[PDB]
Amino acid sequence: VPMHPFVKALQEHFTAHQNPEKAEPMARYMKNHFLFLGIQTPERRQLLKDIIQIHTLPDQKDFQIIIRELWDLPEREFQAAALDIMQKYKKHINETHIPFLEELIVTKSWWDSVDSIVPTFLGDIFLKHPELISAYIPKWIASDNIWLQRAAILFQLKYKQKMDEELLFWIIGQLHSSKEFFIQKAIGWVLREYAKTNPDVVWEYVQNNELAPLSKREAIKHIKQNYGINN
């Protein structure tokens, strides 16, 4: 079965504009886990738009197929484009897509893909269907996969007043002893972000519960100005 024509067209058009000189530092930035074509976001967005203009966005029946096929291509720009495409199908994504999103998280995994899946796509799903959180979060925390653990921490990133504080702090407590940078830093980020909404709760939490030094320092980067640094 041939590659979906939309994917083939995107592959041809991106490849015709590759920049091997830029690809080298771009690949190093992601610690050489991926090949890059060397196309930065502004041009990558225009090249995708070119293909949508010519071919039209595929029928929704092929949404998951297109994303998978792009996920399977070697160069990282194809996963970035896949996430751009998934946003275009946003109004068609719902709770039945959680496993599909899980599988994207755990394949071709790094912060650049995971952080564009979790707080937006999964965040929106669990905001509408909070009763489904306990069908996934416990498994994610218990798994060997650091990106699922990071997903458990960051899905509520943007919740603001809708943050489930007890849940957030329970998740952090489960993962606070992790030596993994991407876990320590995710804890730092979610606390720093939630502190923009409820600084007193975050301050009390970090002063009275164990965290990796990195996590605590990142959490209070801004709010330490409000409370002061005791001698």
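The first residue of the sequence shown is number 1, and the count goes up from there.
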Query - Between 183 to 191 and 162 to 170 (mean CA B-factor, as deposited), the higher - result: 162 to 170
Query raised in the report: Mean CA B-factor: is it higher for 101 to 109 or for 88 to 96?
Result: 88 to 96
Query - Top Cα B factor in the deposited entry, candidates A151, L157, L127, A80 - result: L127
Query raised in the report: In terms of the CA temperature factor given in the entry, to which third of its chain does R44 belong: lowest, middle or highest?
Result: lowest
Query raised in the report: Compared with the other modelled residues in the chain, in which third is the CA B-factor of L132?
Result: middle
Query - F36 - Cα temperature factor, lowest/middle/highest third of chain - result: lowest
Requested in this report: Check where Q18 lands among this chain's C-alpha B-factors and tell me if it's the lowest, middle or highest third.
Outcome: lowest
Query raised in the report: Which third of the chain holds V114 when residues are ordered by C-alpha B factor: lowest, middle or highest?
Result: lowest
